[PDB]
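Each of two forms of one protein chain follows alone as structure tokens, named structure 1 and structure 2.
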Structure 1
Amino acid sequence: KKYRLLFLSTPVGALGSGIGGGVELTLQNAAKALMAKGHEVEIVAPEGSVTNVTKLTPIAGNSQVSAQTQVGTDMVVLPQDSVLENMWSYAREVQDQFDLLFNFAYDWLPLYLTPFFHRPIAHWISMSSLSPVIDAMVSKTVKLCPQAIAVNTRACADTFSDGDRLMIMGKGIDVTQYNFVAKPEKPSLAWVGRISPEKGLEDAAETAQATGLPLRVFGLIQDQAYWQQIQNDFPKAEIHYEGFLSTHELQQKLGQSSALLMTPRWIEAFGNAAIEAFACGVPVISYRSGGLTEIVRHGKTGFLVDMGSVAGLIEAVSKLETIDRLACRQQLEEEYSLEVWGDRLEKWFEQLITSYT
């Protein structure tokens, strides 16, 4: 069962620019996983895209607005000569050379064009129902082509009107790129996410202050005024900025943490910090929110805390010694690895190719 697959990337930025976000990594990890099972993969992506994973054919056009800015929109907006148009124009040109098409863009046009191709198209929805057109199109598309749309977490399907017809594929990461730290040199706590007042970073600082453990922050300081506030509100806490880093620079410093604190104030979707902390042998102490409750195995690879309970975070930090760091790594090897994930995608596509036939 050696398939020929065409991967269609996001139109927001170019591969390697980091502008598209986690999908840029999910795409290449999907390519790596499916290639290692013996399949051929071609990546279609905008002009200026670069990858070392497989063949990439760039496509000229105008970059499309990100779908994270239009939350709840019932609009479809495509710029003149949009990249997404020419990408799917190309897909129609070459679709006969392939067995399946795999889409990563979170947009209307790829979903709508699905019944217009004479090859099966698969869709990876990267975020959880941010807009009803995608909810409507996902609704329309799964009814027209069952098993057509997959996501990572059940929490994501909960935001979709037809999540019961959404496929749950989890995710996969490249374990060889993460430095497992068996034991950090000094105890410390870590936090990863967007630095803004409604991301719960304040709770982590208090936990750091009450336990006497330095807090190491990873992310983009979007409000330099807001950053200054946190050190002032939790004064005796040793808070350190580690910058907005790539996957490599992040894990190079993540392993030296005793635990990753994930303290959302609302249902949070900037995970993978957990999955990567498991790659580095870092247990995860997180509030009970969204997909984390399915990743953090309480008492085994971390702790789950009642939402908003700073006292719960402090108690959990005090019990870190009971968490075998090897267990975190072992969970990542058995789930969230390219070997197991590449198996699920492979089984998923073969169902689609045979059912489409």
Structure 2
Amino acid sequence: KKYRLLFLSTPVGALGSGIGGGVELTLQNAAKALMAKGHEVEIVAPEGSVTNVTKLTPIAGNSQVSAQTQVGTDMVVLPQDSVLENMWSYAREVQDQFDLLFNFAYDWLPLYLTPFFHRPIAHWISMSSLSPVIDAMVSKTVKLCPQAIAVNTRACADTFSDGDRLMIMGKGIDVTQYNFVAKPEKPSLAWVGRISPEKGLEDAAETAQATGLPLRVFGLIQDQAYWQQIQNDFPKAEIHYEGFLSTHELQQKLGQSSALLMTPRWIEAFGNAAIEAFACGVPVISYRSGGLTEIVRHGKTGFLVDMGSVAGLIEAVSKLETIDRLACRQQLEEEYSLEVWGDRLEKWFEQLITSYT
């Protein structure tokens, strides 16, 4: 069973720019995983996208707003000549040249188009339920196409009204791109995500000030004032902005961290930064939020802290020495490998393709 797959990307930004968030990496690694199994993968993505994984056809159009800026919304908004439209018009054109289409966009349109196609479409939902519109579409589409929508974790599937019908497909990273670090040069803390008020970067800064550890912040700045508000609310904290890096430059510096702090105020579906941290030997200290409670093994690969408890973060940092950095790396080698992930996806696609009609 060797298949031809069409991977349809997020319309939020171009692959390799970070503006698309963690999906940019799960899309390319699913590509690597499935090709490792001998499948052809074509990536459809907005103009400016870059990748060395496989064939990428770029599509012109207007970029889409991030669903994280429209939380709880009851309306669907598409810009004129949207890349999302254009990618799915392209998909409609070439659909007969592929065995299955794999959608990564967290958007009303691909879900709506699903039954208008005459090819199996699988959906990767990358985030918890952020709106009644996306929640309602997930319900309608899985009822029409059972087993066609997947999520990272069960905690993610729980955020959806009909999560019980979602497939839990785990995650995978390309472990070859991450170097294990046993002893960082200088003890320090890391924070990896988009700099926005609902990421909780305020709690991490405060933990850094309290423990005297330097904070290195990895991510893209969306609110240039919110980045000054943090530095002006915690002026004794040594905070370094590393910008948005490539996976290679990111793992290089991440591995020099004593631990990664994750401070979600919402329900994090899955922590891509958490898995990458583990790959570098960096233990993970996170609030009990969504998939993270399933990632972090409390007292073995990090610590789970009650939501929004800055005091609890500070206490876990002071326990860091009790975590064997190698346990983190080994947990990531056993689960979250492309091999196992690529296998799950393969037997998933293989069932959809076989039963389509």
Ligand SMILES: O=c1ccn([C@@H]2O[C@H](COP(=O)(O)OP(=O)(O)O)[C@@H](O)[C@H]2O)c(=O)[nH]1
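Reference numbering: structure 1, starting with residue 1. Rigid core (definition): largest C-alpha set, two forms, superposition within 1.5 Å.
Of the two forms shown, the form solved in complex with the ligand is structure 2. Among the listed residues (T51, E335, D164, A210), the one located at the hinge where rigid parts rotate relative to each other between structure 1 and structure 2 is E335. Rotation of the smaller rigid part against the larger between structure 1 and structure 2, from C-alpha superpositions: 16 degrees. Aligning the rigid core leaves the CA of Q228 displaced by 9.0 Å between structure 1 and structure 2. On core superposition, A279 has its C-alpha offset by 1.4 angstrom between structure 1 and structure 2. If you overlay the core, the Cα of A182 moves by 4.0 Å between structure 1 and structure 2.
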